[PDB]
Amino acid sequence: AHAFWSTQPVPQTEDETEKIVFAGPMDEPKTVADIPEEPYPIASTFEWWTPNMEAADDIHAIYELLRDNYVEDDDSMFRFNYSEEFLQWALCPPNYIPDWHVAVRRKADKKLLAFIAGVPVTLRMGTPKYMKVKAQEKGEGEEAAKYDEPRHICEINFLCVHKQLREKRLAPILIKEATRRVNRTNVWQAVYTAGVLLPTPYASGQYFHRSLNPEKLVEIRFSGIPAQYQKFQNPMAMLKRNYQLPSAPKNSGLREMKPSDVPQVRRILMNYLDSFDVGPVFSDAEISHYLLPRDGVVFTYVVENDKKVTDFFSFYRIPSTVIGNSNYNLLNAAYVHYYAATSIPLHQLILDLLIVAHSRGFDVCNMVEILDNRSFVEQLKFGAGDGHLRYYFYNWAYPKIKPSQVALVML
Ligand SMILES: CCCCCCCCCCCCCC(=O)SCCNC(=O)CCNC(=O)[C@H](O)C(C)(C)COP(=O)(O)OP(=O)(O)OC[C@H]1O[C@@H](n2cnc3c(N)ncnc32)[C@H](O)[C@@H]1OP(=O)(O)O
Ligand SMILES: CN(C)CCCN(C)c1nc(N(C)CCC#N)c2cc(Br)ccc2n1
Ligand SMILES: [Mg+2]
């Protein structure tokens, strides 16, 4: 059924995944010397292009390709509209490898036709705790801990083929070439997410949304007035009331993160994340890049009390093109990013996120049920969306885990 994925070092069935007990690579070890130096063959009318992320023009070209040809909902109502500033932020973290950004251009006119992006990530991806002590019960502890140390791997995002070139087996070629460029740097694993089911996810989480400006959401049919709201008249008055938030944060001590916060944010994030089976490890430089506030892009607040950062939350902005619609062109969504609470209940920290998101003009807050995201769903009036984010490894055998054991937020 899978002409491409069947040729690949990923688990091939849900069973394979359910059986696995130890984290480890699938393929036998190779060396950089084993990997072809020459790019993978491509039709003579196309050429491989490595965009420059330091070039506004290259970013612009990538932006346009994604604006018109990237992820849409199942009903072709909405298409994500990642901004140019967002892409520069996502695509160029500290110590990024320019080579891992892989594009196909039409030779004739240099039109961008397809793209895929790899970024470095340090990831804890050793045997999960629930399989690890079961390994102890069976006297298999060292095997279970072989790959406990954080690995410097590749995170894949932004795979996109132009609508005109779809279903011509171009995506497999992109994946092959990306794999090559990554292998050539002595990296053998990748982590990636998708909304579609491919072979074979190690975890899957539902999406959740929290209406911030329900009038607009209903105008654009992101939301339908639930059947039940029509037992009164003015069900848009009641809906508004339902989703109403304060104008100002409730937690004193709440302010924007600043550069001097970096070491303390790092400490408390790392302590929180380390309790999860799969999760990133960040340098100070990475904490700076991913969490310092950045206009239109990422928004980060700390609770400091007595010159001490005790809690933080972050969200990032991804608008979507509303595909028709006379009244509206854009849906303004806040996504829950990294956070940590140590002095207050998480539901109280995240309410403040919602309050801030709302004040600054976001229409909705979204998230996946990873981290401790489930704890605040009901109180904060999140509802489960359609579809799921599926988490995958390339070349890494890994047991099925619950989404609540995953600490890697994907952009
Ligand atoms: C060590 C380093 C390793 C580095 C690489 C790690 C792996 C990277 C993995 C990529 C992670 C990306 C993570 C994200 O960015 S997820 C976001 C993906 N982007 C979109 O959904 C945007 C709109 N869609 C498109 O642009 C295209 O429809 C795409 C490009 C998705 C497929 O193009 P197209 O529709 O023109 O089809 P084709 O004829 O070229 O090819 C058909 C083959 O493609 C397989 N397919 C379909 N969708 C996906 C998908 N989302 N991930 C992986 N594979 C996918 C499919 O099963 C089939 O293979 P097989 O079933 O025949 O075997
Ligand atoms: C962590 N994260 C979901 C980032 C993804 C942002 N995007 C593009 C996104 N994607 C979504 N999907 C792919 C759902 C399709 C399935 N299965 C998505 C789905 C919903 Br529902 C709400 C927000 C979303 N936002
Ligand atoms: Mg294709």
Side-chain angles (χ1 to χ4, degrees), residues 1-10 12 25-27 30 35 65-66 68-82 86 90 100 102 104 113-118 151 153-199 204-210 222-223 316-320 331 333-337 364-370 373 383-396 403 406 408-411:
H2 288 295
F4 169 67
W5 281 111
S6 75
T7 73
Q8 291 303 285
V10 299
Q12 298 286 312
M26 314 233 332
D27 257 3
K30 297 187 211 175
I35 313 295
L65 169 76
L66 297 176
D68 299 317
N69 298 277
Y70 202 48
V71 173
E72 307 182 2
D73 68 300
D74 300 75
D75 291 326
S76 283
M77 295 194 281
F78 312 101
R79 185 158 63 256
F80 297 90
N81 185 18
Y82 288 89
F86 190 108
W100 286 14
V102 168
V104 175
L113 298 192
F115 174 80
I116 190 172
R151 308 178 57 89
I153 68 162
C154 176
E155 184 184 288
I156 296 282
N157 214 328
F158 302 111
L159 166 67
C160 183
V161 171
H162 198 290
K163 279 158 196 285
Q164 289 184 306
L165 276 178
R166 285 273 177 97
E167 298 185 348
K168 305 186 180 299
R169 311 310 293 187
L170 189 55
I173 297 159
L174 263 298
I175 300 163
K176 278 177 172 225
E177 178 58 9
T179 308
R180 194 191 64 82
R181 294 188 177 197
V182 170
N183 286 167
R184 288 285 297 149
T185 70
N186 196 37
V187 173
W188 309 92
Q189 282 77 50
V191 65
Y192 55 102
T193 60
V196 293
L197 192 71
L198 305 156
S204 175
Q206 258 182 311
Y207 299 88
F208 281 80
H209 52 246
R210 206 292 184 180
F222 179 89
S223 303
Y316 58 82
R317 173 176 170 268
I318 301 170
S320 274
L331 160 84
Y335 285 69
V336 184
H337 191 210
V364 64
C365 177
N366 293 315
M367 73 189 179
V368 178
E369 58 180 324
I370 58 154
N373 291 349
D386 258 294
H388 304 72
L389 190 61
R390 268 88 178 205
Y391 276 80
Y392 301 90
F393 287 135
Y394 188 93
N395 191 25
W396 199 249
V406 169
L408 180 68
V409 180
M410 297 283 213
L411 302 178

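Worth knowing before you read on, the calculation uses all heavy atoms, side chains too, and leaves out hydrogens, waters and symmetry mates. Starting from 1, each residue takes its place in the sequence as its number. Both ligands and their constituent atoms are indexed starting at 1 by order of listing.
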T185 side chain reached by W100 side chain, heavy atoms, under 4.5 Å: yes
ring-ring contact (aromatic ring centres under 6.0 Å, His included) contacts touching residues 163-189 (sequence neighbours left out): none
Heteroatom proximity flag, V161 to ligand 1, N/O under 3.5 Å: yes
Residues that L170 engages under side-chain contact (heavy atoms from CB on, under 4.5 Å), provided they are two or more places apart: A114, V161, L165, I173, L174
Nitrogen or oxygen atoms of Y192 and ligand 1 under 3.5 Å apart: no
Short N or O distance, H2 and ligand 1, threshold 3.5 Å exclusive: yes
Ligand 1 contact on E72 by region, counting heavy-atom pairs under 4.0 Å: neither
Contact check: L159 vs ligand 1, nitrogen or oxygen atoms, below 3.5 angstrom: yes
Whether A178 lies under 4.0 Å from ligand 1, heavy atom: no
Per-atom contacts of ligand 1 with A190, taking only distances under 4.0 Å to non-hydrogen atoms: 2 (C), 3 (C), 4 (C), 6 (C)
Whether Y394 and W5 hold their rings parallel, tilted or perpendicular, with breakpoints at 30° and 60°: perpendicular
Parallel, tilted or perpendicular: ring planes of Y82 versus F86, cut at 30 and 60 degrees: perpendicular
N or O pair under 3.5 Å between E167 and ligand 1: yes
One line per pair, note the atom names and distance for all nitrogen or oxygen contacts under 3.5 Å between ligand 2 and the protein.
residue: ligand 2; atom: 12 (N); partner: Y207; partner atom: OH; Å: 3.0
residue: ligand 2; atom: 17 (N); partner: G195; partner atom: O; Å: 3.2
residue: ligand 2; atom: 17 (N); partner: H388; partner atom: N; Å: 3.1
residue: ligand 2; atom: 17 (N); partner: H388; partner atom: O; Å: 3.1
residue: ligand 2; atom: 25 (N); partner: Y335; partner atom: OH; Å: 2.8

Backbone or side-chain N or O of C160 under 3.5 Å from ligand 1 N or O: no
Nitrogen or oxygen of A194 less than 3.5 angstrom from that of ligand 1: no
Is_contact(atom 14 (C) of ligand 1), protein non-hydrogen, under 4.0 Å: yes
Subset of ligand 1 atoms that lie under 4.0 Å from at least one heavy atom of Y70: 15 (O), 17 (C), 19 (N), 22 (C), 23 (C)
Salt bridge (charged side-chain N to carboxylate O under 4.0 Å, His left out): pairs with one or both residues in residues 181-191, sequence neighbours excluded: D99-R181, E177-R181
